[PDB]
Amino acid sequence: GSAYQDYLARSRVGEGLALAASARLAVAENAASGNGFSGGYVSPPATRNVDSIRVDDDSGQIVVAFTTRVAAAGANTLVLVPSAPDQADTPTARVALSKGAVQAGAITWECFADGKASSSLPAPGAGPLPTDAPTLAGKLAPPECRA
C-alpha cells in the first residue's frame, strides 16, 4: 500500500508483538519448570489488529495472527521460535525446547516473517525453523523478522 498505510500497519504489528510477549513469558516460565510450554496460557481477547496468539505445547513456537485490518488473510502471521544452547558456557549449537526438560539456559527468541527461509542466528548456531510458515509480509514486520 501507500507509504502511510505501510507505516500504520508496521506500528500495529509492533503493538501485536508486544501483546505476544506474555506468550513468550509463559513459554519461558514453563520451560524452566519442565511443564508443557502452553501451560497456563490463553490467547488475549481479539483486538482490532490481532486475531489470536497461540502457543505450541511441545515446541513453544508462537503464532501471532493479525486481522485483515493489518494484512490479508493467509498473509497475516508471524512466528516466534524459542531455542536453547547445548550447554550454557561457550555453547556448541542450538536446540528446540524439549517438553519435560528443566531449561536452565537463557532461551533465545527468533522472529520469522514471510520470506525468512533460514534462521539468522549466529554462533553458537542457527535456530529452529517455524513449523507453520509465517505469511505476514516482511516489510510490515520489524527488521529482525525479515529475511
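Counting begins at 1, following the sequence as shown.
Higher average CA B factor: 89-97, of the stretches 46-54 and 89-97.
The stretch 114-122 shows the higher mean C-alpha B-factor when 114-122 is compared against 22-30 in the entry. The entry assigns its greatest Cα B factor, within the set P130, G138, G127, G14, to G127. Among the modelled residues of its chain, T68 has a C-alpha B-factor that falls in the highest third according to the deposited record. In this PDB entry, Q103 carries a Cα temperature factor that places it within the highest third of its chain's modelled residues.
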